[PDB]
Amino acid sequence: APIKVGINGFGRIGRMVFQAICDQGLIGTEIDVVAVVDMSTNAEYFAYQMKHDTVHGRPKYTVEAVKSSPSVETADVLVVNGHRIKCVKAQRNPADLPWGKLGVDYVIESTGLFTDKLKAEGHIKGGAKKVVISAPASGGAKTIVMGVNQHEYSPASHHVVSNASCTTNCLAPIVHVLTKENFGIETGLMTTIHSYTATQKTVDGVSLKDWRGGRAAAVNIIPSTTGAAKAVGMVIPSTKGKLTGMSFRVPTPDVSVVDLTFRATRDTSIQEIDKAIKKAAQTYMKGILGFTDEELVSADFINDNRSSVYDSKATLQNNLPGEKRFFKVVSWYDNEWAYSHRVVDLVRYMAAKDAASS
């Protein structure tokens, strides 16, 4: 029984998510992407965008654009590895979307305009069963981070779920084992050296909400606030009010790194922490949290699908010799690639669980 999904909003996020599905070879067999929705239905343009990625290169699958009817002037259907995907026109209100008419049960909300629990529900009123917001959510939506708290998903209570953010998906895993392995965490501050994103400007532009955010992105180091710190508090309750952090947008199109500085509950050492993270990466966190012993740089993590990949050498070489409480942990993450795979993982999980409970 292929999971009927729909993607509302086919921008960087949307496409990435779709590509992640196709990349995992789930298209057709496991997941059926009935359709994608956006301000345009020009399938030829979508194929172009999918076939060529500045950062992620060429896809391992075949993409072609065709016409639903030999009547239509411009393609409106996408064909990935044979499977057919419908390019549907966008709506101002999610409830106006023909989800029920199309047979879509799970809608991936990635337009960034419906991050509010109430507004997102519109998809269900449109005929959808479940909605997964590919970004932080507001309005009391269940936030989940694969590898940290997916077990808290309630098929009967949760209908609008949030996959949090890319940064949160990198920090939470670390914080998760730090607390689970009973290392404790009195308080902590994290800084993320983050690659610039679509919301930024090429040259100095307009940004009334975020003044710094409007400055030339690939020529500046741009400070910015982030909720990934507090958000982890929702996935890991015990950390509420103990964690906070900021971001530094820098001249890279993709891949970011987390720098966590925290104080432990009981005396320990950087070595202990090191081994515990590695051990977790090889056991209950495999696939989500990984690690490296190599002298790597951002470029080396492109297309790495782990939500968080711990940098052992960087960590061990930059802590106090015999410190027992104050530590710094460094973990990388492909802010685009990994997050996308997590959205897929979240959907498959929910679907598998929604079916199990019947």
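We number the residues from 1 along the sequence you see.
As listed in the deposited structure, the average C-alpha B-factor of 333-341 and of 15-23 is greater for 15-23. Averaged over Cα atoms, the B-factor as recorded in the entry is higher for 94-102 than for the other of 94-102 and 147-155.
In the PDB entry, the Cα temperature factor peaks, among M190, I270, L178, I124, at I124.
Taking only the listed residues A35, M50, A65, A314, the entry reports the highest CA temperature factor at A65. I302: CA B factor in the lowest third of modelled residues in this chain (values from the PDB entry). Among all modelled residues in its chain, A43 ranks in the middle third by Cα B-factor.
In this PDB entry, the Cα temperature factor of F326 sits in the middle third of its chain's modelled residues. Among the modelled residues of its chain, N319 has a C-alpha B-factor that falls in the highest third, as given in the PDB entry. Residue-level temperature factors show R249 in the lowest third of its chain, judged at the C-alpha atom.
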